[PDB]
Structure formats: C-alpha cells, structure tokens
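J.:
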Amino acid sequence: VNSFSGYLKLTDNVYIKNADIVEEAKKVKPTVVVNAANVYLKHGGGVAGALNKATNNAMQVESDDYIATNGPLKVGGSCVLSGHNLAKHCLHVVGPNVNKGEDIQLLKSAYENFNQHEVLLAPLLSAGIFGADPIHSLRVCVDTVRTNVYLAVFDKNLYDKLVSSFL
Ligand SMILES: O=C(O)CCn1cnc2ccccc21
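When the letters of the sequence shown are read in order and numbered with PDB author numbering, they come out as residues 3 to 169.
#1: Note down, in chain order, each residue of its chain lying with its Cβ closer than 7 Å to the Cβ of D105, except the 5 sequence neighbours on either side.
#2: Check for me: the alpha helix (DSSP H) holding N37 runs from which residue to which?
#3: With distances taken from each beta carbon to the nearest heavy atom of ligand 1, which residues come in below 6 Å, in chain order?
#4: Rank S139, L53, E120 by C-alpha distance to the C-alpha of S128 and give the top, closest one.
#5: By Cβ distance, which residues of its chain are closer than 7 Å to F6, with the 5 residues on each side in sequence left out?
#6: Which class does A129 belong to by DSSP, given the choice of helix, strand or coil?
#7: If you run the structure through DSSP and keep just helix, strand and coil, what is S167?
#8: May I have the straight-line CA-CA distance separating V35 from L88, to the nearest angstrom?
#9: Under the rule that 16 or more other beta-carbon atoms within 10 Å means buried, what is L169, buried or exposed?
#10: State buried or exposed for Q62, treating a residue as buried only when at least 16 other CB atoms are found within 10 Å of its CB.
#11: With distance defined between alpha-carbon atoms, name the residue in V41, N101, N58 nearest to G73.
#12: Could you check the C-alpha separation between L43 and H94 for me, to the nearest Å?
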C-alpha cells in the first residue's frame, strides 16, 4: 500500500490523475518526483519551472553545481538530485524536445530511467512545451516502465482525452 490517492489505474503498474505535480508532491512527499528536465538543468518553464519555483530556486542552485561538475546530461538520460521540500529525491529526466528537433525514439530511453526506482510521481515526458504527441507519450510510458508510476497530468481537458483514448 502507498499514499497516492484518487488515481485511475491504467495497467498493473501505471496510474494517472488530473493534478498539479507540485501540489501532489507537497501532499505525498514521494520517495521520487520526476522533473521534465533539459540537458542543462535550466528549470525555466513547464513542469521544471514550476517544481523549481516551489523549492524557492534551491533546485536550480543545486542543479547549477551539478552541471559545473559533470557537464550536461544526454537527451534520454537522467540524474538523481535532492527532492528538496517536495520529495526525498528528484529524478531529472531529459525527454526529447520536439521544438528543438530531437529524435522522438529517445522518449523510450528517457522512460527507461524510471525502471531504476520502485515508485515514482511523474509527468508525461516530452509533452507540453517539449511538443511531443501526448497520447504517444503515455503509450511509451505504459510499454516501457515496469515500476510503479503515478502520472500527474496538468491539462484537465488533456487528462480526460488521455483516459478516453487509452487502449
Ligand atoms: O497536461 C500535461 O501535464 C502535459 C503537458 N501539457 C500541459 N498543458 C498542456 C496543454 C496541451 C497539451 C499538453 C499540455
């Protein structure tokens, strides 16, 4: 049993809810929250900007030190950093950004990072400001992630479309 409440069950391991991931993290304090990161860990907008704002910019300060030491992530890659006030850990995962021309086949590689963690609170990778087809992103999640993932969909309208269209 875990603390996640109000989710619709899509599969054995994937759950979904219309929720603000920031407000969900603050309530649950999950072991792992996933950030929709870029390779520079520049948390300007979208999910990343919202998570970072909720940490009072401490996520960005920590991230800048990580990049200064290690250099940029790979598209499809990840790193584990603090979850600050939101979670124990933040898994920063880089999905491909269609608005930068990145290979959508890298979305599966991105979701494979989730398999290193038994339970996660996450957004749909590569959706919204990154531009990828959201139904395709949920499909890749279901067909890639084997650990238990609780998806926070920000767009209510989108939430209802993801559920209604789910195969
Ligand atoms: O709803 C999500 O969580 C996914 C990212 N996203 C946010 N607003 C959106 C509006 C349209 C499509 C995706 C959108």
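Cβ coordinates follow ideal geometry from the N, Cα and C atoms, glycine included.
T.: The relevant details are as follows:
#1: Here residue 105 refers to the residue found at position 103 when the sequence shown is read from its first residue. Closer than 7 Å at Cβ, skipping near neighbours: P98.
#2: Within the sequence shown, the letter at position 35 stands for residue 37. That residue, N37, is in no alpha helix (DSSP H); its beta strand (DSSP E) goes 34-38.
#3: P125, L126, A129, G130, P136, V155, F156, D157, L160
#4: Locating residue 128 in the sequence shown gives position 126, where the first residue counts as 1. Selected option, being the one with the closest Cα: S139.
#5: The residue you call residue 6 lines up with position 4 of the sequence shown. Take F6, set aside five residues on each side of it, and the residues of its chain with a beta-carbon closer than 7 Å to its own are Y17, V30, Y152, in chain order.
#6: Position 127 of the sequence shown, counted from the first residue, corresponds to residue 129. Coil at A129, not helix or strand.
#7: Taking the first residue of the sequence shown as position 1, residue 167 is located at position 165. Three-state DSSP puts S167 in a helix.
#8: For this step, residue 35 is matched to residue 33 along the sequence shown. For this step, residue 88 is matched to residue 86 along the sequence shown. Going by the C-alpha atoms only, they are around 8 Å apart.
#9: Sequence index remark: in the sequence shown, residue 169 carries index 167 (1-based). With a threshold of 16 other beta carbon atoms within 10 Å, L169 falls short and is exposed.
#10: Locating residue 62 in the sequence shown gives position 60, counting from the first residue. When all chains shown are included, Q62 counts as buried.
#11: One-based indexing of the sequence shown puts residue 73 at position 71. Looking at the Cα atoms, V41 is the closest of the given residues.
#12: Here residue 43 refers to the residue found at position 41 of the sequence shown. Here residue 94 refers to the residue found at position 92 of the sequence shown. Rounded to whole angstroms, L43 to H94 spans 8 Å at the Cα level.
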